[PDB]
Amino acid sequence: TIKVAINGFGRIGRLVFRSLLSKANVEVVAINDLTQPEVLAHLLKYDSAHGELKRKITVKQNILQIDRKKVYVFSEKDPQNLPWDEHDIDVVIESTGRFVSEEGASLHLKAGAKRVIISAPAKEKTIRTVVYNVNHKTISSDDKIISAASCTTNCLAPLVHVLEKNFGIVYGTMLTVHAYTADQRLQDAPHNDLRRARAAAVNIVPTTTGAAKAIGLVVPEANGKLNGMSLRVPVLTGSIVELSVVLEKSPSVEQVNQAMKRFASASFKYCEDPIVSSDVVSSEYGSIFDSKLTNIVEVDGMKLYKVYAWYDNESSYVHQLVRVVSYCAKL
């Protein structure tokens, strides 16, 4: 039974908190953000995309109570000042978006936490990076910092895994059409990415995706074969990946779809219905394969394979991260 602190009680941190309430072997004993406890308790209870948390939620001083559970609430901008040794923290979930480097995440280790899971790709290629049910068994008990990759990586990685194991990828491209996130702007405002600066709910916004630099770390044999980008669009949550690849073998559409069905798990859903993004909101699958969209572009004997998967960039990622935390409990 491991003790967890959540650094950054935001969209990802709060949903991870919600999900950990039902995991028996994991207790969140502390959270940290930049505001009063009452604000966090209110944002924990009411969630624009994922509905109300139907538990009695109280605040007394810096103590968040959820029915009978007591959670210490801190407001410390410098994680090295967090009292992780005093609270015997086993794992910090680092979900501020502000400590994704090895040095940044290790400030929690200096504070006394035994292990850090970054809710994003790490800055360095040397950090252990996992997608649950693709390569999480590569985690070592010696890994002090672990990256759970990005939302798009968790969507993309099962597809790449299946194509690589079954057919062999030569090269390809990916594109995610992706819900806007808190890194964008409600009204046109300063941002170093001059397109993420732009009013997010009325704009198609081209930008980077973390899946580009993380996919080769999760499926090593696909390293260097894919690139792509993100078009952020005005939906609150919910996203889709289009992957177009040249394969070594030449399967039929039916064989590609069957290869995906066989990899179905708690992390990978085989969908057969003509759905749209809102149908995956709050999903617990890290990836939802859209088998009706699979098609081949065939020109003079050349074949370009196109496959699609959905993901709730919040919930899908959150339950993957939660699966990683539970696995670390057994370590």
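Position 1 is the first residue in the sequence shown; the rest follow in order.
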Once average C-alpha B-factors are taken from the entry for 294-302 and 275-283, the winner is 294-302
Mean B factor on CA atoms, stretches 231-239 and 206-214, record says higher is 206-214
Highest CA B factor of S252, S244, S150, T129, as deposited, is found at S252
In this crystal structure's PDB entry, the residue among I146, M260, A197, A182 with the greatest CA B factor is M260
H87: C-alpha B-factor third of its chain, per the entry, is the highest
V324: CA temperature factor from the record, placed by chain third, in the middle
By the entry's values, the third containing the CA B factor of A24 is the highest
Entry-reported C-alpha B-factor of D193 relative to its chain, by third, is lowest
For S48, the third of its chain by CA B-factor is the lowest
